[PDB]
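**Student:** Take this sequence and fold it.
(one chain, ligands or ions: 2)
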Amino acid sequence: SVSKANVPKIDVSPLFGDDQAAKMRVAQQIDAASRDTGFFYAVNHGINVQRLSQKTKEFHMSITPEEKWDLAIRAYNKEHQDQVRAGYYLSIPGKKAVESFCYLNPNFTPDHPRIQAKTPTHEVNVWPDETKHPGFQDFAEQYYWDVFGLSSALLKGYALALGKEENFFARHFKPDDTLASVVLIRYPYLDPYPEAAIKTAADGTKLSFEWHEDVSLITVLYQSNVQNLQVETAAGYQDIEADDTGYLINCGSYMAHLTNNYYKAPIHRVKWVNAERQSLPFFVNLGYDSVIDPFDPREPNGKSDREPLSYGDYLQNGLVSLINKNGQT
Ligand SMILES: CC[C@H](NC(=O)[C@H](CS)NC(=O)CCC[C@H](N)C(=O)O)C(=O)O
Ligand SMILES: [Fe+2]
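**Tutor:** Residues are numbered from 1 along each chain as shown. Ligands and ions are numbered 1, 2, ... in the order given. For reference, the structure is listed below:
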């Protein structure tokens, strides 16, 4: 029966410092995890995750149906044709339990040239009224930069792990142009829980979200203390234990591509659990024109035949493909 994933807890604090050998020892840990199940917990990360959980719950539990329509992405509100990514993703009582709110780089304003050019995947964030949601926008924008900083350090880890200089990834991850996103996902408790909102896997497991690989370089994830995630291994799906003080880290398919699958993008899925919980990912995306030249650290000459891929085009394609495969979230 269903076994358990080895998901080590890695103290990432050296990645913020200047002790280079200590960084290498962290990089080894990241290497090992990335070659095993593909997941680890980043601990001693310096983010106030209790406030993140509190502020998010306050938002989710106070936003009204009226405000949800007002903020809705175009999948739910045809009036908002510019909102492909950022905004509110509504639940559908009786059919779809999950709901969420996604936002992008706060630097994407009307003044930004990618907004002026109408480049796909770039949007100006939408927000509820401040007086109705006091402090929320401020909180959420500062969270973006806090987790941006953690993620930059984790990217130093990954670079060192792969034999590169520590800025190999992080040089492409910049406040001015990153396509990274935060998604504040609510999974509700429902009694009765509608069967329409539950999918059944081939192996019989009841799921809220089917198997997939992440569309990201890496994913940096906070979750409530409710176990739900499973990672695919050759021996089948394995449960990932919850830890509501750590960040769960995994690679996305852009990392798999550029490393010739040396760091795979682990296939994972979300079990159905009837419990109120939070899932708050930060998808570490680069800039629209960023290109990382692939390499294969298994080969003496490090050479890959993999095509260098422009990140923005990879992202557009991946986000669309994920909706087609696993449904509009
Ligand atoms: C909705 C369920 C939930 N799945 C997800 O969030 C899935 C798999 S990681 N990812 C996406 O849908 C990509 C969202 C991208 C975001 N709108 C963006 O524009 O950057 C889960 O894993 O809990
Ligand atoms: Fe995922």
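**Student:** So residue 56: helix, strand or coil?
**Tutor:** Recorded secondary structure, residue 56: helix (DSSP: H, G, I helix; E, B strand; the rest coil).
**Student:** The closest residue to residue 159 other than its chain neighbours: which element?
**Tutor:** Excluding its sequence neighbours, the residue lying closest to residue 159 (Cβ to Cβ, 6 or more residues apart in numbering) is residue 168, at 3.9 Å. Every C-beta, even on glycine, is put in place using the N, C-alpha and C of the backbone. Following DSSP states H and E, there is no helix or strand that holds residue 168.
**Student:** Help me confirm that residue 316 comes into contact with residue 85.
**Tutor:** No: contact criterion Cβ atoms under 8 Å: residue 316 and residue 85 do not qualify, at 10.0 Å.
**Student:** Identify the contacts common to those two.
**Tutor:** residue 121 (Cβ atoms under 8 Å, 6 or more residues apart in numbering).
**Student:** Now for whichever residue of the stretch 201-329 of the chain sits closest to ligand 1: which residues touch it?
**Tutor:** Here the stretch 201-329 of the chain gets closest to ligand 1 at one residue, residue 329, 3.8 Å apart by Cβ to the nearest ligand atom. If you count contacts by Cβ under 8 Å, 6+ apart, residue 329 has them with 89, 98, 100, 209, 323.
**Student:** The last one sits in which helix or strand?
**Tutor:** I take that to be residue 323. Per DSSP H and E, residue 323 falls inside helix 311-326.
**Student:** Please name every helix or strand in contact with that helix.
**Tutor:** Counting contacts by 3 or more Cβ pairs under 8 Å, 6 or more residues apart in numbering; DSSP states H and E, helix 311-326 packs against strand 206-212, helix 253-258.
**Student:** Name the strands paired with the longest one and say parallel or antiparallel.
**Tutor:** Pointing back at strand 206-212 there. strand 199-200 (antiparallel), strand 268-271 (antiparallel) (DSSP bridges).
**Student:** Looking at the ones you listed, which one is packed in the most?
**Tutor:** strand 268-271 (a mean of 20; mean count of other Cβ atoms under 10 Å).
**Student:** what sits up against it?
**Tutor:** So strand 268-271 is in contact with 39, 201, 205-212, 227-232, 237, 240, 250, 279, going by Cβ under 8 Å, 6+ apart.
**Student:** Nearest to ligand 1: which residue in the stretch 151-300 of the chain?
**Tutor:** Across the stretch 151-300 of the chain, no residue is closer to ligand 1 than residue 181, which sits at 3.3 Å (Cβ to the nearest ligand atom).
**Student:** residues in contact with the closest residue to residue 96 other than its chain neighbours?
**Tutor:** Leaving aside its sequence neighbours, residue 96 sits nearest to residue 197 (Cβ to Cβ, 6+ apart; 5.7 Å). By Cβ under 8 Å, 6+ apart, the contact set of residue 197 is 94, 95, 96, 97, 98, 190, 208.
**Student:** Residue of the stretch 1-150 of the chain closest to ligand 1, please.
**Tutor:** residue 85 (3.3 Å).
**Student:** So that residue versus residue 122, what's the distance?
**Tutor:** Distance of residue 85 to residue 122, given as Cβ to Cβ, to the nearest Å: 9 Å.
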